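There is one chain below, alone, in structure tokens, taken in the form deposited in one PDB entry.
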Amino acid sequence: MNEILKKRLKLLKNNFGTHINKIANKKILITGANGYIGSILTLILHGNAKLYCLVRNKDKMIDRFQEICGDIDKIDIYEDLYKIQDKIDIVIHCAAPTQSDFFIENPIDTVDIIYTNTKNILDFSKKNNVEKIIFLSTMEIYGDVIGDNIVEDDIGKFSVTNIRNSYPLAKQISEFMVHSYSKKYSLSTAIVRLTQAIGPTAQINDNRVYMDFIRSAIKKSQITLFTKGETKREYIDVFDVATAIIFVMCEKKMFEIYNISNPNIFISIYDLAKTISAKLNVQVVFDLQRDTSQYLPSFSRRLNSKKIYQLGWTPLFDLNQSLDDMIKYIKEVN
């Protein structure tokens, strides 16, 4: 646990400590600081910068932060955006609902939360004279655009009658706002679009596919696929997402959109079940007669990631170490 994390932290600081210290003593606010990516950014940066962490619930941000070996006292945790009086130089907006079920069960809320939080955070930044804001977005913004070498100018098309579009539509409008604040008020903004993050400190209560697999293998000595498992995507280790964001934080550029993916990790859902079954000594069963309306249709997509590689970033964590480090940290917690 301390093993896994400490290694990585030293790996990051070995390879990139140059860049990480272009934000020494920068005043940095992270929204959703309690979530998967939020935490690890907080973890990586709080020694080397003043960190403000905006979260839904301070107490569990405290539990979570010292589970991942953090220094409670080197971060200021707010629950209310308007109590943050200090001047922020960099905002990293990471807050959003993450579960597939919530997107189809509460599509209105999904939109309202994401839309309102984006609006508020943009107000805040422009009023607080922020130097840069980074907005986490999603590969789901590409919609019907399938296949390889998808570039940040490709544009998805979205039906207003498909409930599950709650999530992309919400991130789409947020992006549009983000770019519009940049062009109206010459405020530097970046949008970063993730595939799906994996790796240590993922929680067993997550229902995104990687953890549905790990958790089914452990708790039911079985992994069940509700589809044929032909969806093919790239994955990335959460620390590789953090580092990518850091490289983007250091860039002077009034506006840019960056895909974030590890292109070496391209694999199908089925192939992902198999690897995880092998690592956890379990078998893979199908069951294709359940309701799957929270899920996306079958597709394949690779993201052109030329921009983050041009900044000098590289991914440190292949699929194996990411899975192993993820699995190990779930065992070691329960």
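Each residue number is its position in the shown sequence, starting from 1. The term rigid core refers to the most C-alpha atoms you can superpose between the two forms while keeping them within 1.5 Å.
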Task: Higher-scoring stretch by recorded Cα B factor average, 269-277 or 295-303 - done: 269-277
Open item on the list: Can you tell me whether 127-135 has a higher mean C-alpha B factor than 242-250 in this record, or the other way round?
Closed with: 127-135
Task: Maximum C-alpha temperature factor, selected from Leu51, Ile44, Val55, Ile308 - done: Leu51
Task: Candidate set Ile75, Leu194, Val209, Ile146 [ranked by C-alpha B-factor, highest] - done: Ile75
- [ ] Taking the values exactly as deposited, rank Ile90 by C-alpha B-factor within its chain and report the matching third: lowest, middle or highest.
- [x] middle
Task: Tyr82 - Cα temperature factor, lowest/middle/highest third of chain - done: highest
TODO: Ordered by C-alpha B-factor within the chain, which third holds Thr31? Give me lowest, middle or highest, please.
DONE: lowest
Open item on the list: Considering every modelled residue of the chain and its Cα B-factor in the PDB entry, is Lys219 in the lowest, middle or highest third?
Closed with: highest
TODO: Among all modelled residues of this chain, ranked by Cα B factor, put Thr201 in the bottom, middle or top third, i.e. lowest, middle or highest.
DONE: middle
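Another form, the form deposited in another entry, is not on view; read the next lines as being about it.
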- [ ] Please name the single residue among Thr224, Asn117, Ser188, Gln196 whose Cα shifts by at least 2 Å between the shown form and the other one after core superposition.
- [x] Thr224
Task: CA of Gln283, rigid core aligned, shift of 2 Å or more between the shown form and the other one - done: yes
